[PDB]
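Residue-level structure breakdown
Next come the chains, spelled out residue by residue.
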Amino acid sequence: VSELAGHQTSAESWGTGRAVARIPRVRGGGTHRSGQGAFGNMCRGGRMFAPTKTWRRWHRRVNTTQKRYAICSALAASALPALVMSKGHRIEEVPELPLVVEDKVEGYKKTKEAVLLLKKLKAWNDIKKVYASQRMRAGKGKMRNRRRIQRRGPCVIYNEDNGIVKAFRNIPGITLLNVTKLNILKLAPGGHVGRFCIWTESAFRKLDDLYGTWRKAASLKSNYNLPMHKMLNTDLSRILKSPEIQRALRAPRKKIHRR
Amino acid sequence: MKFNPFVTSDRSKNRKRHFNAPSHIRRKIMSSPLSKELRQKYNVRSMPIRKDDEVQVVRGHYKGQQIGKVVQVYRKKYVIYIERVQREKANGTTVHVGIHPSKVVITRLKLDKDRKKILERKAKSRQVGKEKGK
Amino acid sequence: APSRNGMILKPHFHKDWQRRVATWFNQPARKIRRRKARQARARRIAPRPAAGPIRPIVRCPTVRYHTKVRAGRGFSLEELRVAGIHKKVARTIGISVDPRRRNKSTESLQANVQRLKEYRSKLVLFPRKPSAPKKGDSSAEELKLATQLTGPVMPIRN
RNA sequence: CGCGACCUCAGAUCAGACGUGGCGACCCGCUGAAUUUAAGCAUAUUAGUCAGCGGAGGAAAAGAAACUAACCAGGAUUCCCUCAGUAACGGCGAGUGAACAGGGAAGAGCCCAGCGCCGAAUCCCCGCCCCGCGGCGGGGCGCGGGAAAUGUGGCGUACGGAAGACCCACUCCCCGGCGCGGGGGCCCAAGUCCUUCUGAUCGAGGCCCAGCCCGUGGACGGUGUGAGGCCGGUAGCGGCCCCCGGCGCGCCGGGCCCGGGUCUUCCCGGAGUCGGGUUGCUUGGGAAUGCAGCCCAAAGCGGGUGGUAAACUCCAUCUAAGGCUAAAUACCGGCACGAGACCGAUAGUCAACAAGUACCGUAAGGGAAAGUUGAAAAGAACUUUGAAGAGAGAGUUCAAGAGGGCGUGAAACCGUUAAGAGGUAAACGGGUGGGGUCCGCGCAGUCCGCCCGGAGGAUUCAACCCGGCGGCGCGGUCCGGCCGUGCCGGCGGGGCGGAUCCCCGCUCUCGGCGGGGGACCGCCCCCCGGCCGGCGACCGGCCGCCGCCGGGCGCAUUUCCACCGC
RNA sequence: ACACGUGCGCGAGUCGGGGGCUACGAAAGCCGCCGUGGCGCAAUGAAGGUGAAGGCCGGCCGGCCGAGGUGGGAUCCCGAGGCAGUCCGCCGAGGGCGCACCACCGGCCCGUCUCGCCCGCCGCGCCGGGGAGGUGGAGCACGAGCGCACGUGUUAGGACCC
RNA sequence: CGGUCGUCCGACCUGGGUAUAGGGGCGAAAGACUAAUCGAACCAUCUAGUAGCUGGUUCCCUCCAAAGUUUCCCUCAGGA
RNA sequence: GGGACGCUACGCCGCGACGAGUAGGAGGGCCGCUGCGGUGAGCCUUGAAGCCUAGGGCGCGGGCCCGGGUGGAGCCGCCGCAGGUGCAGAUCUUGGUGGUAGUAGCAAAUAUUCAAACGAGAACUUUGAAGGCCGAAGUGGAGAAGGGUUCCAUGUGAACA
RNA sequence: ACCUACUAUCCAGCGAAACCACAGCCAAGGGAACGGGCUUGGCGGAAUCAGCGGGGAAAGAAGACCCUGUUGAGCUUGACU
RNA sequence: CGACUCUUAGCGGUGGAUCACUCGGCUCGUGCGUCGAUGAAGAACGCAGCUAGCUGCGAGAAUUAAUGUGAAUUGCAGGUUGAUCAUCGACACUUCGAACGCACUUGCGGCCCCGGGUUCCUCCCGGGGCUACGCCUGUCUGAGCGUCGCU
């Protein structure tokens, strides 16, 4: 809010007496706005309480290791079939969820080739779901250049740009991403993880050089390796009925003894 | 997406240009597609309308296959007036009903020295997309 | 009114500081403006290096930093006199010259002369006119291999 | 005195030009408080702050050390990080509060006076010629006038410079002319295709084998609700047409004979200025950091600085009292833009509208309220009462229950209809009862499984054969792949790294130095080979078993459907 | 701005926040030979400065053991026993290594006070230092911080509003 | 506003022009007048001046639950 | 040597004990508002938001879902994010409306009456007559300051008198 | 005590304002120490008109009389600077 | 059942609350960054067929010319060799205002040059160009018992 809002008026309180409420009031005049109350947040017009300033802390900084940690978590959750289903992606007809495509699609220069590729990969159903999700927004966003909203589509990751960006940008939901320059805002939309990702062959092979394995550090980061696991066998159902624990257990008590 | 940084995408600004456009810009907004028989012959998609053009009404309450000519072009209302597109007043007089040029197809044009000049020029660059694009 | 346990603080906010508040929203736009002017300058001096003239090898004062070596303002006149380069001609071939610098040591004087010797060997000099190549210019084949040098020319590594 | 120079000082509606004032967001030079804090208050703090004055510019200012430092030293100014809430100042209280160095953005240096050399070698105006002439520009001619010896121009500025002798070296730089991408304007893809709703579709379904068509164009806006294909537009290193100087070539009018190294001889610096005393203001600057008034008032191996006043002695570092200079930097004014996790007519600028308007005060000044018919006025023709305002019919519209301050029309309040009630003001909590209101769509009150009966109707069961699929396997260990967040081996190879140990070049053939080997060690990858594990974060084939599905039979005491007993 | 608590990543390290390189995107990613610099890793004294275990053996030197102890200490280890006769596991009187943490006694670093014996060099003293016993320190004694976010509380700011 | 009153040839009344402007003017003197404002006029700004002093401080449920007492403060309506 | 349910493990189940509350503190909200990133092949002119409601209900409660009417164009559920996020008061601000109340009141300066004209409408308009007042320091006739079309003719009884 | 004029009264027309927690019958008791509301009693009947000043601790203005504030102003001086 | 008064509901009055809309604000960022004596900013007064305000303009007065564009403007009448819009480089721009002949009454001038008026003869009238301050170079006319020089 402007710092001159509610402060351009010249006002003075009438003091005690005169059966008024001691608020600063407009100094005279043969008009409606004369002794009507200028300052204070309770009055019509005037300044509002705690005027918002430009120097509010809008931006936030995150540690570089933490920024790289979420990207690794975002990429790893994009290969599990159950997590991507929970993102609403209609890709049950996809042959393999780690979708690796040949490097010929970088040479695409028409959107008809990109549409046909999605039909052949059976990922078109998610783009078809985008059409059903196109509706004008609820609330005041329609008059603030946010008239139309739609669902996220699949994400296409390319090692190099040779026309693939041009041929894919006209399909709604399709978001293009470079391999060396990833983004957590486009890999995990809304904070939830498990967006459908489509990789090219050179894109899929460069992941071993940007983050490395656990026995070999990344060749393009200065000093970065994959984070260690807090626990290894995450399926505790297999652990709990494994024989080694099952010897050193007492007898289960499951007879209900009510009052 | 639009990629020109100097092209406005604001809703309030775009409506300001439309409702406060000058008269020479008002004509350009009032363009209507030609009839299908004209379209292979002239190779022109749409064209601004003039005072004497044959009009079929496509949408609205007065749509049909009737052939009527324009009476006048009212650039201040975004309204054109067609010959037999009119409704009955109370007192017995007849009033022309306003039809927006968007719901208008032109079946016959008004040929002129300046009218004909646009036809090859619009058909020139229409072809250019088929040599450069091919 | 202080609490039970805490610090004694002196907030320097007793002036009218709210009027003189410098926001930094120009910073992302400033970086583009710095880059565009830098790229436009490089195309103006397209054969010359983007960093500019070379900088001498400089020891630091203030004994805290006395074991470090930086890049300096310009080569001293004693360093140019030993290298056999006139002080008014070195500035046209990309050598930083300043008359303020001294030469108390011999190692640093000899290091900059040795630095100047390898710069003269690496310098490809174009003729004044292409029709008449003069004596002190580079060979004709070196004209076709003249390229811009990115970053600081001959970086000073400690 | 006449006559004639020169110095001072006047007059011009003299010839030719210049300044005034406005804006003032950012900048520079002055002047400059009190609210407030210190729980009072007087020094302090607010604060070099508000207000007042003057002056510019597109940036201003500053700026190339009379600098910082005491290190092995850096090296113009400006801005960011850090120094640092530190040194330091402070009724040492509240509080105030820098600078060096380092890393970055940017980076460009220079010109006078004086010292001297050149015959004033210099400059302005007026007239003429030639050529461009909206910046009168250049060159040539002036026994044309004037300025200038009370000092113009060239060389020349502390980094040294000037003159002479000896070597080396190219002689070609620059003004006024001409001809050989930015801004603006006009255009460029694809459905109004079939059915169905609506007052209107931009709503719903479809357009198979091109699941309509275009898409480098599915941003936005308008069009009678929701549109990529109706239109303007958008994308495109797309097309076409003009203006601008440019970059380089060529011709001529042109100035243009230039410097560097060695030796010798010379020369060279800014005065009521520095500095000191005192006073006042200021600063973190504390026995004055800085600025200013008065007084004293300099020197040349000199002067200034070296954060405690002074004396002596070594050093360290610059050359003040003259000047110019872009970039990084700031920008609540102006021009033109783009955008928003912002606000939505008591919000957001005071002002979304004939807003600094109506209005008020003599004046300085104060300063509002106020958006929405309908898609389209299609704005109610005509009849009738009344003088008319106002009605009653009729008509438009999808809707007048949208009828001119007209979208939606809440509450306070009022009018009217229906019901109930009414001498302890009204109203309320708990418990009932009565009356209304609509609802249960209740008005003959549950079905679901298992078994029996008999009536029926099937293409029908179990068991076999064939094909496909799936699961499991301890197949006690079948065979083969793949991996290791496993290990070992290497007449192994690579790529690296290492603070493990011959060659190329340079400042004094051997001693010193930087760089490149090679070897060694360590890591990773690959060729493998030998174990271990796995394929349940990750596997295939054969074999066995099981299950399911599909097709043949099997054909009715099997199996499956339909009906009732109360 | 600070204090505490909690969550996350790294860890004796941690961090670009300032600067460079690659519609949304003014985003995001990259650069540590861009970690300069901030905090921590060492404190103490006004300052000059100084600056963090010892014991044994043999003759001030040469070898060895080499990071304090006591009590309480969650947890872990052994098995007298007991669930004709072995293995698994159970529990078990009693006996130990003892995590963190608490109390105490010691040890080491800096300043101060007192008392001595001495040695020694590049310039033999008004020199340089060691030792013993008290005392003061926001110290050491096998690390714990850094960066971001959240909440509370105290402040300077107009500071919950008039 | 009414009745009743003082003066009404001189220190009389009055129009217009003009001069004195705020810690100032002016005052046959009442702290009177200075544009209905005077023991310091009006407008704008500092300023959203400060207040240990009044008033107010916006949804539900669950759990726990007070003190007006020590010492110090130019401390007694307040703080530590 | 061929077989019921279960287990959103932040879930489910069983035992006992207890339940006050000002200032104040903490926790849980599938309580409520606004906008943003995701998500519901979400709702919607065969009717969105908003508003009214003698209906059916749910939750202790903040509140919420259906039924009916009006309305005509947007809106909501869940996971996170963010705030200018909840009113009964502040002699609160703006705006609107009540009782008082058809009440106080339309009482300073002697006074109006008759007839005619006009008009739909006459106590107030016009004309005639009568009775009065201002009584030349006027309720008369003209100026200055000030006002600025108020001056004159015609017409109107929309707003004011 | 009587008379006159204009009101006040009623009617034709036009028509506000102050004030308003809810509103208004009392005796005694208690209470925050003088109640319209609470307790015990006395009791209580629509809608109103003209007066009337006992009550509503009536309306007018965050008491100016008194005190506090580490709040001020006009003035004085042998207060401090 | 009455009149009056209380509660609830329907409908109708007052009122514009809520919602949905927005050619408007607010904030941030980018490019440029330009006033005037050749008369700035500002102010006054006039200009349309019917125009009160707003907007535009200046006696050429809701605009002249030129270019681009291409069949209108419109509330009502009127009239392609270029209507209307935009661009704007030519032309023009009443009176105050740094405001400029003196003053601010809009009153008084002075100099020069033209046309009626003369037949330059003084007038009168109308029109055109000048007449503010300070200051720079240069020119002209000057002043001085200031310093001199020649008769």
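Anyway, here's the lowdown on the structure attached to this text.

The rules behind the values
Residues numbered from 1 in each chain as written, not as in the entry; some residues may be left out. Chains lettered and ligands numbered in written order. Part of a larger assembly, values for the part shown. Heavy atoms only, no water. Helix = DSSP H or I, 4+ residues; strand = E, 2+ residues; numbered from the N terminus. Buried < 20%, exposed > 50% of the residue type's maximum accessible area, 1.4 Å probe, protein only. Contact = heavy atoms within 4.5 Å. Areas by Shrake-Rupley, 256 points an atom, 1.4 Å probe, with all protein chains shown as cover. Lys, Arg positive; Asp, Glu negative; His and termini not counted. Charge placed at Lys NZ, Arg CZ, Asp CG, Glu CD. Patch = residues over 30% accessible without salt bridge, like charges linked within 9 Å, V, L, I, M, F, W, Y side chains within 5 Å. Salt bridge = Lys/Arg side-chain N within 4 Å of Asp/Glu carboxyl O. Buried area = accessible area lost by both parts, 1.4 Å probe. Nonpolar A, V, L, I, M, F, W, Y, C, P; charged D, E, K, R; others polar. Pairing = 2+ DSSP bridges. Axes fitted to C-alpha atoms, helices over the stretch in contact; angles between N-to-C directions. Near = heavy atom within 4 Å. Polar contact = N/O pair within 3.5 Å; in protein donor to acceptor, adjacent residues only side chain to side chain. Expected span 1.5 Å × (residues − 1). Arc of directions from axis to C-beta.

With that out of the way, let us pick up the overall build of chain A. Helix and strand content of chain A: 10 helices and 8 strands. Its C-alpha atoms give chain A principal-axis dimensions of about 90 × 75 × 45 Å. Counting only residues that meet the buried cut, chain A has 31% of its 259 residues in that class. By sequence separation, contacts in chain A at least 24 residues apart represent 49% of the contacts at least 6 residues apart. As presented, chain A carries roughly 19000 Å² of accessible surface, and 52% of it is formed by carbon and sulfur atoms. Across chain A, the centroid of the 55 positively charged side chains sits 16 Å from that of the 17 negatively charged ones.

Right, let's talk about a nonpolar patch on the surface for a bit. Taken together, the side chains of A:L236, A:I239, A:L240, A:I245 and A:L249 make up a nonpolar region of the molecular surface, amounting to roughly 410 Å² of accessible area. If you trace the backbone, A:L240 turns up in helix 9 (residues 236-240).

Between chain A and chain C, the contact holds 5 residues from the first and 4 residues from the second. Interface of chain A and chain C: buried area, both sides summed, is about 370 Å²; carbon and sulfur atoms make up 74% of it. Counting across the interface, chain A meets chain C through 0 salt bridges. Along the lines of polarity and charge, the residues of the side of chain A that touches chain C split into 2 nonpolar, 2 polar and 1 charged.

One key point about sheets: their strands pair by backbone hydrogen bonds, in either a parallel or an antiparallel sense. Residue and element names in this part refer to chain B. Taken in spatial order, the 5 strands line up as 6-5-4-3-7 in an open sheet, and their pairing is antiparallel. The sheet is open, and its two borders are formed by strand 6 (94-99) and strand 7 (104-108), each paired with just one other strand. Shown here is a sheet whose adjacent strand axes are inclined to one another by a mean of 55°, direction ignored. The pairing of strand 3 (residues 54-57) with strand 7 spans 4 bridges and is antiparallel. If you follow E54 over to strand 7, its bridge partner there is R108.

As a further point, take the protein's contact with RNA strand E. Inspection of the region around RNA strand E gives 51 residues, with A:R57, A:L182, C:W17, C:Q27 and C:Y65 positioned closest. Between RNA strand E and A:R60 there is a distance of 3.1 Å, counted from a phosphate oxygen to a side-chain nitrogen or oxygen. One of the side-chain N or O atoms of C:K31 is found 2.7 Å from a phosphate oxygen in RNA strand E. Listed by contribution, the elements that provide at least two residues to the surface near RNA strand E are helix 1 (64-77) and helix 6 (184-187) of chain A together with helix 1 (27-44) of chain C. If you tally residues by element for the surface near RNA strand E, the top one is helix 1 of chain C, at 6 residues. Residue composition of the surface near RNA strand E, grouped by class: 21 nonpolar, 12 polar and 18 charged.

Right, let's get into helix 3 (residues 107-122) of chain C. All names here are of chain C. Compared with the 22 Å implied by 1.5 Å per residue over 16 residues, the 23 Å span of helix 3 between its first and last C-alpha is a close match. Listed in full, the buried residues belonging to helix 3 are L109, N112, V113, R115, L116 and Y119. The buried residues of helix 3 occupy one face: seen down the axis, they fall within an arc of 155°. In helix 3, the exposed positions angled more than 90 degrees off the buried face are occupied by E107, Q114, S121 and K122. Buried positions along helix 3 lie against strand 1 (57-59) and helix 2 (77-83).

Moving on, we come to the environment of A:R33. All names here are of chain A. Tracing the backbone through its elements, the reader meets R33 in the loop between strand 2 (24-26) and helix 1. Given a relative accessible area of 29%, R33 falls into the partly exposed group. Linking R33 and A203, residues 170 residues apart in sequence, is a C-alpha distance of 68 Å. Apart from the residues lying within four places of it in its own chain, the contact partners of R33 are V26, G28, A38 and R44.

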